[PDB]
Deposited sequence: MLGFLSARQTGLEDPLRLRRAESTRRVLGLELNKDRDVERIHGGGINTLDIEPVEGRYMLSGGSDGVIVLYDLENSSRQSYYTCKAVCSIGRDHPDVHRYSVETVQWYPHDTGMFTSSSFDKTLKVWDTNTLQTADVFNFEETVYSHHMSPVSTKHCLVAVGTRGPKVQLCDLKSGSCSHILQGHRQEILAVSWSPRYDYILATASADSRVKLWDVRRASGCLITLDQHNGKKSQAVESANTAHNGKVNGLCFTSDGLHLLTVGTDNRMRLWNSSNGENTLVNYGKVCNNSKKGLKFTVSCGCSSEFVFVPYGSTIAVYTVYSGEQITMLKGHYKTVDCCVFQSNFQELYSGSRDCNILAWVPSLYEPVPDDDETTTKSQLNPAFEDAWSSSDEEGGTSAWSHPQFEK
């Protein structure tokens, strides 16, 4: 650790090199912190975690029991051991409480005040955080399996919703309309994710074993369909592609299928890069959420691997590690790139924190 400090001081290595090397070392040393904890309020499993984007202080956890918890990661206790208290929570007491499980929760990428929560109740609600009241509501005909808002979009705040229905929905928050409908899929779309690089590109994965990349401008047809074999067909996996996430820079896309395979693709032309990630066990019938690191030498991907968390490499494929601790299958993994932290919400109603321990 001293060598990097000396190199930075002398200017042999630019500060970015020390930053990236130290971040990689810390991510390698991720371990289940016994001291830090997050108070167990959820009565059921955790279907999603999402730390706010602007400063990574507040995290949103949606539970299987329909309870939303706005945890605060700011350590106000001044103690090495401390419990991340729930600053506020929407539970059964609150009238607008999601009756059923809340599948995903995602802050407004522009303003930290508002955040979106979609539930198995057939509804997607936009809450504020000044009063934690449901600012807006959208009701669908099929249970919202996933919902995402473009993080690189300032012109529109379009929300892409994938439900049991095979038609993707696009709704405008500013105009308060659910007008747009994209068609072409055959069954429930389990994962929708905008491309961070290109504003108007949406990647949609379904249980039809296909990943379709669309341009919202052209309301006619889908741009591309990822094929594992590159035409040597037109299918991302042998089962259900229930996990989808772009790489931090948006040049690659990671797809996790029920065939227990994780595949990397070029985001530009959609040909399988053929990275062999091995058997990534995945038996979840619901959309599986996985997160990719940011600002690290090698982009890590954290995939819920049964009841552990498998950390691989996005640009090599080598299985960096398998963090254990959770008693039940891990459901959601959210990575705080600010301090190279990880927070996984398993169905055991626990929010386990994983931190780089170096001594």
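Which bits of the deposited sequence have no atoms placed for their C-alpha? Sequence ranges with no C-alpha atoms are 233 to 239, 367 to 408.
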